[PDB]
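Structure assessment
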Amino acid sequence: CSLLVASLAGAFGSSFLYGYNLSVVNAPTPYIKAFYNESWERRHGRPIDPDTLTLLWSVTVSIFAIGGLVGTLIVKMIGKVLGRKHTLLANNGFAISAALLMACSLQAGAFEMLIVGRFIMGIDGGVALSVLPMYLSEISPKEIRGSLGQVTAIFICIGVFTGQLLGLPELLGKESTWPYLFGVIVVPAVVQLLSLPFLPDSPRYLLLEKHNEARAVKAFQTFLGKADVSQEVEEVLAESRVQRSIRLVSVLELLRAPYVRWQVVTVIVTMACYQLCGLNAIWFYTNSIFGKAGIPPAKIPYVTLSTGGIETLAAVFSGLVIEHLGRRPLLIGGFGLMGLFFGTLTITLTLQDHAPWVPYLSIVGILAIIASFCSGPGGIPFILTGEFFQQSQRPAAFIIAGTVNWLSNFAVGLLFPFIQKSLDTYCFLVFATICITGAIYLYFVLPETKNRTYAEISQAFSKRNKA
Ligand SMILES: O=c1[nH]c(=O)c2[nH]c(=O)[nH]c2[nH]1
């Protein structure tokens with residue numbers, strides 16, 4: 001009842017928006033190119049050379065990651081006072097402001113306005129990604145924590161699916177309709193602002209500092225459906241006492257701490273290889289990638305729709321596959337399969353003209369890549385980061401992981417069109433090399449984590465440290 005409604009509202013408000021903004025920049029790409037060309041011509045009187053337009057488009061696409069970086073940097077400070085529901089309402093404010101900033105760009109004729117709107121969407125996505133789990137896991141009972149853990153990925157996948165769906169030439173792909181593609185963002189924000197504020201707040205955050213026992217008891221009774229919640233309250237108080245009994249280490253000392261040097265190196269490498277493995281690229285430039293694959297230009301958006309559908313289905317299947325396969329074998333197999341399928345994709349791209357049916361193997365390779373990602377290392381690191389460290393919720397580790405992820409996303413988004421221009425026929429070899437290198441490194445480094453207490457991994461890494 002209340003728990004399901006709250007989880008659905010929060011997911012549709014944050015992860016749905018993140019998925020939509022991850023997979024909305026590909027469909028209207030030629031129209032935005034034409035608008036950029038016309039605007040530059042009218043302002044300056046000279047045409048755009050293709051390289052300059054490609055650089056501008058890359059900046060427009062990749063500024064979202066810099067927005068996410070600044071959002072992750074600011075959320076740590078904002079959450080000490082704002083909280084969870086207030087932070088989500090501020091997130092809704094950012095979302096509506098950026099949506100209105102983007103959707104009213106063509107009318108005034110401003111591309112800088114579009115850039116700033118995409119930047120504010122980046123900060124919105126960063127705040128959403130850093131806030132939503134801390135609320136979803138908090139308001140959920142420990143019995144059903146895994147379900148709401150996988151919901152935060154199911155909803156990103158469904159947002160990517162609906163972003164692919166919105167952009168077909170019939171629905172929202174016409175010349176005189178592409179401005180509304182960024183105006184759809186209003187509806188999720190409106191529904192979230194209508195649903196969430198009529199729900200109980202996060203109990204632990206208020207029970208930390210303001211110490212409101214009555215409201216916490218009411219929220220726990222509403223969530224659990226019973227008036228006897230003494231055990232959970234006692235456990236929360238014990239956890240808070242344990243947390244305040246131990247000093248919290250910052251980023252500088254964590255980087256300067258030799259006893260977690262290998263841990264931070266491993267998490268940094270895992271995040272960098274996860275983001276340079278390439279899925280945000282295969283969302284951003286799906287139309288161009290499938291056009292370069294020999295598929296006729298009259299069927300690409302339907303191919304993108306199928307891509308989104310198979311992504312969602314792979315997420316749904318992974319939701320159960322994860323619980324039986326494992327963590328380290330699963331992640332290594334995911335990276336190895338991604339590398340092998342990148343090899344398959346590049347060999348069917350290089351020699352597509354040999355047989356007429358070869359260009360239709362690119363979509364099969366794309367589905368294989370997406371299945372290997374979303375049924376694999378796609379969601380493991382979000383639990384692996386907690387598994388590695390002692391507190392399992394270390395702010396320094398979270399900040400480092402977020403910074404690495406956002407910088408890697410920015411680099412990939414900025415450099416993918418350039419590597420395509422350089423290696424039209426073999427541009428996926430770089431991704432394959434990155435995937436295989438990451439697989440080798442994390443097979444030689446990362447040990448088994450599931451069904452292993454923090455003491456065992458701590459002593460294993462202590463003997464690994466050679467000290
Ligand atoms: O579950 C995910 N799906 C994605 O499409 C994606 N893209 C990304 O960077 N991280 C994730 N995670």
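Criteria and cut-off values
Residues numbered from 1 in each chain as written, not as in the entry; some residues may be left out. Heavy atoms only, no water. Residues with missing side-chain atoms left out of burial classes, pairs and counts. Salt bridge = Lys/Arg side-chain N within 4 Å of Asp/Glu carboxyl O. Helix = DSSP H or I, 4+ residues; strand = E, 2+ residues; numbered from the N terminus. Buried < 20%, exposed > 50% of the residue type's maximum accessible area, 1.4 Å probe, protein only. Patch = residues over 30% accessible without salt bridge, like charges linked within 9 Å, V, L, I, M, F, W, Y side chains within 5 Å. Areas by Shrake-Rupley, 256 points an atom, 1.4 Å probe, with all protein chains shown as cover. Domains from an automatic or database assignment. Contact = heavy atoms within 4.5 Å. Nonpolar A, V, L, I, M, F, W, Y, C, P; charged D, E, K, R; others polar. Axes fitted to C-alpha atoms, helices over the stretch in contact; angles between N-to-C directions. Parallel < 35°, antiparallel > 145°, perpendicular 65-115°, else oblique. Left-handed = near helix turned anticlockwise from the far one by under 90°. 1 Å grid on protein atoms, 1.4 Å probe; cavity = no way out; pocket = protein on both sides within 12 Å on 5 of 7 lines; lining within 4 Å. Points joined across faces, edges and corners; volume = space filled by probe spheres on them. Near = heavy atom within 4 Å. Polar contact = N/O pair within 3.5 Å; in protein donor to acceptor, adjacent residues only side chain to side chain. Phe/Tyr/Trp six-rings, centres within 6.5 Å; stacked < 30°, edge-to-face > 60°.

Per the deposited record, determination of this structure is attributed to cryo-EM, with the resolution reported as 3.51 Å.

What follows deals with the pattern of salt bridges. Tallying each qualifying case throughout the model produces two salt bridges. Here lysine 142 makes a salt bridge to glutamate 235, at a shortest N to O gap of 2.3 Å. Within this pair, whereas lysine 142 is found in the loop between α6 (111-139) and α7 (145-165), its partner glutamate 235 is found in helix α11 (residues 230-244), the two being separated by 93 residues in sequence. By relative accessible area, which is 47% here, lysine 142 ends up partly exposed. Close ionic contact of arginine 241 with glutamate 234 constitutes a salt bridge, the shortest N to O distance being 2.7 Å. Given the relative accessible area of 45%, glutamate 234 is considered partly exposed.

With that out of the way, let us pick up a nonpolar patch on the surface. On the surface, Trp357, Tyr360, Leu361 and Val364 cluster together to form a nonpolar patch covering roughly 400 Å² of accessible area. Within the fold, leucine 361 resides in helix α18 (residues 361-374). On the accessibility criterion, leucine 361 (36% relative accessible area) is partly exposed.

This part is about the domain arrangement of the protein. Partitioning the protein into structural domains gives domain 1 (1-199) and domain 2 (257-467). Counting residues at the interface gives 35 residues for domain 1, matched by 30 residues for domain 2. Only α1 (2-22), α3 (50-78), α6 and α7 provide two or more residues apiece to the side of domain 1 that touches domain 2. Counting residues per element, the side of domain 1 that touches domain 2 draws most heavily on α3, at 16 residues. By residue class, the composition of the side of domain 1 that touches domain 2 is 22 nonpolar, 10 polar and three charged.

With that settled, the discussion passes to the environment of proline 203. Tracing the chain through its elements places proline 203 in helix α9 (residues 203-208). On the basis of relative accessibility, which here comes to 1%, the residue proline 203 falls in the buried class. Dropping the residues within four chain positions of it, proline 203 is found in contact with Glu138, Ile139, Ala219, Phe220 and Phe223.

Next up on the list: the packing of α1 against helix α8 (residues 186-195). Relative orientation of the contacting elements α1 and α8 amounts to 155°, with a least axis distance of 8 Å. In terms of orientation, α1 lies roughly antiparallel with respect to α8. Of the two possible hands of crossing, α1 and α8 adopt the one that is left-handed. Contacts between α1 and α8 involve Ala9, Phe12, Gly13, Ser14, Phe16 and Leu17 from the former and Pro188, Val191, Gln192 and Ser195 from the latter. The residue makeup of the contact of α1 with α8, split by class, is six nonpolar, four polar and no charged.

Estimates place the volume of the second largest pocket at around 520 Å³. The greatest single-element share of the lining of the second largest pocket, amounting to five residues, is contributed by helix α22 (residues 454-464). Grouping the constituent residues of the lining of the second largest pocket by class yields 11 nonpolar, six polar and two charged.

Attention now goes to the site of the ligand. All residues adjacent to the ligand are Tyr274, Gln275, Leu279, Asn280, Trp283 and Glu311. In this structure, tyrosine 274 approaches the ligand through a side-chain N or O atom, which is 3.2 Å from a nitrogen atom. Protein contacts shield 93% of the accessible area of the ligand, which totals 290 Å² for the unbound molecule. Those elements giving two or more residues to the shell around the ligand turn out to be α13 (261-277) and α14 (280-284). Looking at side-chain class alone, the shell around the ligand contains three nonpolar, two polar and one charged residues.

In this section: the packing of aromatic side chains. As enumerated under the stated definition, the model contains 18 aromatic pairs in all. Aromatic side chains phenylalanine 416 and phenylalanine 431 sit 5.4 Å apart centroid to centroid with 85° between the ring planes, which places their arrangement in the edge-to-face category. Taken as a pair, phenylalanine 416 in helix α20 (residues 395-422) and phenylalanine 431 in helix α21 (residues 428-445) lie far apart in primary sequence, 15 residues in all. One exposure class covers both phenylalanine 416 and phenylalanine 431, and it is buried. A network of ring pairs unites the aromatic residues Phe35, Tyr36, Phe111, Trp178 and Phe182 as a single cluster.

Here we come to the side chain of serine 240. Tracing the sequence through the fold places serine 240 in helix α11. Residue classification places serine 240 among the buried residues on the basis of a relative accessible area of 10%. A polar contact is formed between the side chain of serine 240 and the side chain of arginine 244, at a distance of 2.6 Å.

Checked against the element boundaries, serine 7 lands in helix α1. From its side chain, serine 7 meets the backbone oxygen of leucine 4 in a polar contact 2.7 Å long. In this structure, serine 7 is in contact with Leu136 and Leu148, ignoring residues within four places of it in sequence.

The N-to-C vectors of helix α17 (residues 328-350) and α18 enclose an angle of 170°; their axes lie 9 Å apart at closest approach. Regarding the angle of α17 to α18, the classification is roughly antiparallel. The element α17 and its partner α18 pack so that their crossing is left-handed. Counting all contacts with α17, which are made through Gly334, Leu337, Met338, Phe341, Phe342, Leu345, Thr348 and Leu349, the residues of α18 involved are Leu361, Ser362, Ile366, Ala368, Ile369, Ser372 and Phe373. For the contact of α17 with α18, a count of residues per class yields 11 nonpolar, four polar and no charged.

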